[PDB]
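Commentary on secondary and tertiary structure
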2 protein chains.
Amino acid sequence: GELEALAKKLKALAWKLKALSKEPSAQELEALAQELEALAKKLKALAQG
Amino acid sequence: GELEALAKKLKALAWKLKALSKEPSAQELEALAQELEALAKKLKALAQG
């Protein structure tokens, strides 16, 4: 369900980070970092719900 | 480098979440949520560094 969709976004983000590791800079990294934090907040809400 | 190692942990976490979506419960989910937050904090530090 919604967790299946979130696992997809997390697999997409791991791929962003694999690419980022060959083309790094602060902006993109702190960008992906905040993407993970948003997904973690959604997961937390599903845990509470 | 260290970013290559982190991309590996993120691909591992996406796999945890894919499995979790068929066997969910609050503990494990809030567990994985805090795992993402720790990885995001490491990424942020690399961005700053």
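Here the structure is shown first, and the text comes after it.
Attention in this report is confined to the structure presented alongside it.

Cut-off values and rules
- Residues numbered from 1 in each chain as written, not as in the entry; some residues may be left out.
- Chains lettered and ligands numbered in written order.
- Heavy atoms only, no water.
- Residues with missing side-chain atoms left out of burial classes, pairs and counts.
- Helix = DSSP H or I, 4+ residues; strand = E, 2+ residues; numbered from the N terminus.
- Least-squares fit on C-alpha atoms.
- Salt bridge = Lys/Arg side-chain N within 4 Å of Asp/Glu carboxyl O.
- Contact = heavy atoms within 4.5 Å.
- Nonpolar A, V, L, I, M, F, W, Y, C, P; charged D, E, K, R; others polar.
- Axes fitted to C-alpha atoms, helices over the stretch in contact; angles between N-to-C directions.
- Parallel < 35°, antiparallel > 145°, perpendicular 65-115°, else oblique.
- Left-handed = near helix turned anticlockwise from the far one by under 90°.

1. Describing the overall build of chain A
Of the regular secondary structure elements, chain A holds 2 helices and 0 strands. Across its three principal axes, chain A shows a C-alpha extent of roughly 40 × 15 × 10 Å.

2. Looking at the relation of the copies chain A and chain B
Note on the copies: chain A fits chain B at an RMSD of 0.0 Å, the axial shift is 0.0 Å, and the rotation between them is 180°. Expressed as an axis order, the relation between the two copies is that of a two-fold axis.

3. Section: the pattern of salt bridges
With its nearest N and O atoms 2.9 Å apart, the salt bridge here joins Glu35(A) to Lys16(A). Note that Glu35(A) is positioned in helix α2 (residues 26-48) and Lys16(A) in helix α1 (residues 2-20), a separation of 19 residues in sequence.

4. A word on the interface of chain A and chain B
Between chain A and chain B, the residue contacts involve 25 residues of the former and 25 residues of the latter. Contributions of two or more residues to the side of chain A that touches chain B are made by α1 and α2 of chain A. Of the residues in the side of chain A that touches chain B, the class split is 17 nonpolar, 2 polar and 6 charged.

5. Section: the packing of α2(A) against helix α2 (residues 26-48) of chain B
Where α2(A) contacts α2(B), the two axes come as close as 8 Å, and the packing angle between them is 165°. Taken as axis vectors, α2(A) and α2(B) run roughly antiparallel relative to one another. The way α2(A) lies across α2(B) gives a crossing that is left-handed. Its residues placed into classes, the contact of α2(A) with α2(B) shows 18 nonpolar, 2 polar and 6 charged.

6. Here we look at the packing of α2(A) against helix α1 (residues 2-20) of chain B
Orientation of α2(A) relative to α1(B), taken along the N-to-C sense of each, is 20°, at an axis distance of 14 Å. By the angle between their axes, α2(A) is roughly parallel relative to α1(B). Handedness of the α2(A)/α1(B) crossing: left-handed. In this structure, α2(A) contributes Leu29(A), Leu32(A), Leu36(A), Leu39(A) and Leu43(A) to the contact, and α1(B) contributes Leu3(B), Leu10(B) and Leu17(B). Split by residue class, the contact of α2(A) with α1(B) holds 8 nonpolar, no polar and no charged.

Spatial relationships are all this shows, so hold off on functional conclusions.
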